[PDB]
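Everything below concerns the one structure shown next.
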Amino acid sequence: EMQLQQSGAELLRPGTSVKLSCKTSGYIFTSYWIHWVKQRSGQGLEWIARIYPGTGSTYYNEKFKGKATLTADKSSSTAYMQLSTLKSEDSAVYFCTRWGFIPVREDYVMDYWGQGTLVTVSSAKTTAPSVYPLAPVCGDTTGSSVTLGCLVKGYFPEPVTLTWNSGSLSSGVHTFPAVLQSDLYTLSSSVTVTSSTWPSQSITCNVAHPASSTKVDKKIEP
Amino acid sequence: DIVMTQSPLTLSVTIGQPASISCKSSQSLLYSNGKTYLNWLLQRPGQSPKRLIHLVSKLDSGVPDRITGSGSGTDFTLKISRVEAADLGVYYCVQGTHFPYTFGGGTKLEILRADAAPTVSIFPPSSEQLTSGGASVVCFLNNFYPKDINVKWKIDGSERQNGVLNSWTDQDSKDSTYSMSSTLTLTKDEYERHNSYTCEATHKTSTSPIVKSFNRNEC
Ligand SMILES: O=C(O)CCCCCNC(=O)CCCP(=O)(O)Oc1ccc([N+](=O)[O-])cc1
Ligand SMILES: [Zn+2]
Ligand SMILES: [Zn+2]
Ligand SMILES: [Zn+2]
Ligand SMILES: [Zn+2]
Ligand SMILES: [Zn+2]
Ligand SMILES: [Zn+2]
Ligand SMILES: [Zn+2]
């Protein structure tokens with residue numbers, strides 16, 4: 001199993017720098033080129049650079065010379081990308097990939113990608129979210145089924161982790177993308193169950209915000 | 001740098017039907033060695049990109065042969081002979097003939113399904129929130145299709161435009177529908193001054209607005 005695992009989300013102050021890591025396993029690290037790709041506002045991909053771990057040989061997209069520096073630790077099968085003097089345009093998701101093009105063969109093997117690392121360039125303070133349970137009254141859909149909710153608001157930065165009944169409840173769950181407004185995010189999730197389950201069986205909203213070490217569980221009481 | 005132009009930006013196709021996406025380049029992608037380094041990638045919702053085709057028409061291992069690629073020079077096309085639910089996502093063509101490698105803007109493939117009327121739920125502020133001096137009224141509009149919808153909030157008959165936060169999910173892989181959440185936030189004091197809170201939606205599935213409301217009072 002070829003696996004590329006990238007480091008966690010980063011909140012970075014303007015003008016400073018970060019080092020992102022891409023840990024690989026399952027193949028001979030020194031024999032394949034590792035490329036780094038950038039994605040802004042979803043549809044908006046850009047090729048940054050590539051490195052051949054076996055030799056340390058690198059090639060950069062002109063735009064990123066001076067912005068990105070690629071290195072690779074053979075002893076740990078880990079590739080790194082340092083980004084210097086961060087600015088607004090640097091807030092993006094960065095992917096590492098064992099692309100697979102084999103120059104000598106003029107052909108390709110399978111491409112494997114890391115999960116991506118989100119970088120947020122901001123001077124804003126880390127703020128813990130407030131979690132509110134949404135028991136219906138009108139948003140009960142009447143009989144048959146009922147939908148409950150969970151409102152997570154006033155946090156910074158992304159991400160926040162939301163599950164229902166510790167992940168034991170995933171069917172009929174809709175988690176909405178966070179929206180930033182006034183330097184703080186708001187996220188919400190709904191879960192629809194049968195009139196029979198709730199309130200008979202307890203439904204709990206689990207929320208985690210790594211940045212502020214927050215972890216809360218809100219039970220939806222009638 | 002080479003500019004890659006993709007069209008259409010979005011395509012809505014029914015399962016079982018064919019789809020074709022175009023990609024045009026500002027310079028010929030034919031390399032001096034006679035090979036053409038044009039690739040096609042698919043980025044599924046919440047996933048990393050994945051390559052489908054390399055060298056214009058060659059399929060990567062494990063990719064269904066329902067997908068085919070063709071073209072040359074500055075003109076290329078990706079074709080899906082018969083669309084399946086798993087094809088939902090954004091497709092990108094990316095050239096590697098000229099340095100630096102450049103991507104097209106992407107084409108979002110949406111699964112066209114039968115209209116579905118929204119299931120709307122409304123929630124008054126939680127006691128916990130009111131304690132903090134804030135008041136948010138939430139409205140969930142779940143599983144509708146088409147994605148086009150307009151929601152307005154009305155308090156005591158008058159439209160409220162300030163303090164509204166909307167969020168939509170991407171198209172669901174399970175049923176091909178969309179969901180939306182609308183949160184209206186006020187101060188606890190103002191919330192306790194009004195009676196009726198209405199979430200009103202405008203959607204293809206109805207000639208009149210879809211309404212959901214509650215009246216706050218005592219007892
Ligand atoms: O035109 C010029 O100016 C000089 C041309 C020199 C370029 C040399 N070209 C090559 O070695 C071929 C590489 C083709 P490729 O498919 O690997 O390119 C890529 C590589 C990574 C990508 N990704 O998204 O990760 C996307 C495309
Ligand atoms: Zn050949
Ligand atoms: Zn091949
Ligand atoms: Zn060239
Ligand atoms: Zn040339
Ligand atoms: Zn009034
Ligand atoms: Zn009045
Ligand atoms: Zn009023």
Side-chain angles (χ1 to χ4, degrees), chain A residues 1-7 9 20 22 24 27 32-51 61 64 68 70 79 81 91-101 108-119 177, chain B residues 2 4-6 9-11 19 21-23 25 29 37-64 66-69 76-80 84-97 100-110 170-171 173:
Chain A
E1 346 62 77
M2 307 280 294
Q3 287 183 273
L4 305 215
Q5 286 140 28
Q6 297 183 69
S7 42
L20 305 188
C22 171
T24 79
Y27 74 98
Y32 297 90
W33 283 91
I34 285 197
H35 305 229
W36 287 83
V37 172
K38 175 190 182 178
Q39 177 162 50
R40 276 177 68 74
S41 43
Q43 305 186 14
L45 294 165
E46 278 190 284
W47 181 80
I48 302 167
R50 56 187 231 249
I51 184 173
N61 176 334
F64 301 89
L70 308 196
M81 176 174 65
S91 290
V93 175
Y94 295 86
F95 296 99
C96 60
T97 171
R98 188 210 66 169
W99 176 247
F101 179 58
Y108 304 64
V109 295
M110 192 170 159
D111 55 309
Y112 284 95
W113 297 66
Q115 81 280 22
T117 296
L118 178 78
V119 171
Chain B
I2 312 305
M4 301 297 288
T5 301
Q6 283 186 53
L9 290 179
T10 298
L11 26 29
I21 301 178
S22 168
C23 174
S25 57
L29 301 184
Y37 303 96
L38 179 104
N39 310 285
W40 284 96
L41 314 179
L42 162 58
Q43 184 172 27
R44 289 189 167 87
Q47 292 291 294
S48 302
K50 177 61 188 63
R51 190 179 59 237
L52 303 181
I53 297 175
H54 55 270
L55 296 172
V56 184
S57 59
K58 292 171 69 174
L59 247 45
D60 267 85
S61 314
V63 179
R66 285 183 292 111
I67 315 286
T68 65
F76 308 88
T77 300
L78 176 105
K79 293 179 188 302
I80 304 175
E84 312 279 32
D87 303 339
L88 157 77
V90 183
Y91 291 79
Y92 299 95
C93 55
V94 51
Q95 71 80 29
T97 294
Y101 315 142
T102 54
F103 295 77
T107 296
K108 185 177 183 301
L109 175 52
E110 172 190 324
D170 206 322
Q171 193 173 35
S173 40

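Basis for what follows: all heavy atoms, side chains included, without hydrogens, waters or symmetry-related copies. Naming: A, B, ... by sequence-line order, numbering from 1 per chain.
Here the side chain of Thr97(A) pairs no donor or acceptor atom with the backbone of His35(A) at under 3.5 angstrom. Side chain of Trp113(A) to backbone of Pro49(B): a donor-acceptor contact under 3.5 angstrom is found. Under the 3.5 Å distance criterion, the side-chain polar atoms of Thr117(A) are left unmatched by any main-chain donor or acceptor of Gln6(A).
Looking at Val109(A) and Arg98(A), their side chains come closer than 4.5 Å, going by heavy atoms from C-beta outward. For the pair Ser25(B) and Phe76(B), the minimum side-chain heavy-atom distance is below 4.5 Å. Side-chain contact check for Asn39(B) versus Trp99(A): some heavy-atom pair is nearer than 4.5 Å. With a 4.5 Å cut-off on side-chain heavy atoms, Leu41(B) and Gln43(B) do not count as touching. Between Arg51(B) and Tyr108(A) there is a side-chain heavy-atom pair separated by less than 4.5 Å. Inter-residue side-chain proximity for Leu78(B) and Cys93(B) is flagged as unmet; no heavy-atom pair is nearer than 4.5 Å. Between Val63(B) and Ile53(B) the shortest side-chain heavy-atom distance does not fall below 4.5 Å. Side-chain contact between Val119(A) and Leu20(A): present, with at least one pair of heavy atoms (C-beta onward) separated by less than 4.5 Å.
The line from CZ of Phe103(B) to CD of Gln39(A) is 9.0 Å long, rounded to the nearest 0.5 Å. Taking OH from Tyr112(A) and OG1 from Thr24(A), the interatomic distance works out to 12.5 Å, rounded to the nearest 0.5 Å. Interatomic distance, OG1 of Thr97(B) versus CD1 of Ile2(B), reported as 8.5 Å (0.5 Å rounding). One finds the CD atom of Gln43(A) at 7.0 Å from the OG1 atom of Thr10(B) (value rounded to the nearest 0.5 Å). A distance of 4.5 Å separates NZ in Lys108(B) from CG in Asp170(B), rounded to the nearest 0.5 Å. Summarising the geometry, atom CG belonging to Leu70(A) is positioned 11.0 Å from atom CZ belonging to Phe64(A); distances are rounded to the nearest 0.5 Å.
Closest of all the heavy-atom pairs between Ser48(B) and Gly114(A) is OG-O, 2.7 Å. Residues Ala86(B) and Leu42(B) share a closest heavy-atom pair of O-CD2, 4.5 Å. Between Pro64(B) and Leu59(B) the shortest heavy-atom distance is O-CD2, 3.9 Å. When all heavy atoms are compared, the tightest approach of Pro45(B) to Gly89(B) is CD-CA, 4.2 Å. Across every non-hydrogen atom of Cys23(B) and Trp40(B), the tightest pair is CB-CH2, 3.5 Å. Nearest heavy-atom pair, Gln115(A) versus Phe95(A), reported as atom, atom and distance to 0.1 Å: O-CE2, 3.7 Å.
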Before giving the answer on side chain to side chain contact (heavy atoms under 4.5 Å, CB included), spell out for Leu29(B) and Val56(B) the whole-Å C-alpha distance, their side-chain angles and the decisive distance to 0.1 Å. CA-CA 10 Å; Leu29(B) 301 184; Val56(B) 184; over 6 Å; no

Give the intermediate values and the outcome of side chain to side chain contact (heavy atoms under 4.5 Å, CB included) for residues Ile51(A) and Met81(A). CA-CA 10 Å; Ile51(A) 184 173; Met81(A) 176 174 65; over 6 Å; no

Might you work through the side chain to side chain contact (heavy atoms under 4.5 Å, CB included) test for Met4(B) and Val94(B), ending with a clear yes or no? CA-CA 8 Å; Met4(B) 301 297 288; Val94(B) 51; over 6 Å; no

Run the side chain to side chain contact (heavy atoms under 4.5 Å, CB included) test on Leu118(A) and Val93(A) for me, step by step, so that the C-alpha distance in whole Å, both residues' side-chain angles and the decisive distance to 0.1 Å come before the verdict. CA-CA 4 Å; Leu118(A) 178 78; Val93(A) 175; 3.5 Å; yes

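Every residue meeting the ring-ring contact (aromatic ring centres under 6.0 Å, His included) condition with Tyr37(B), not counting sequence neighbours, appears here in chain and number order: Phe101(A), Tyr31(B). Contacts of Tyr101(B) classified as ring-ring contact (aromatic ring centres under 6.0 Å, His included), with partners at least two apart in sequence or in another chain: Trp47(A), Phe99(B).
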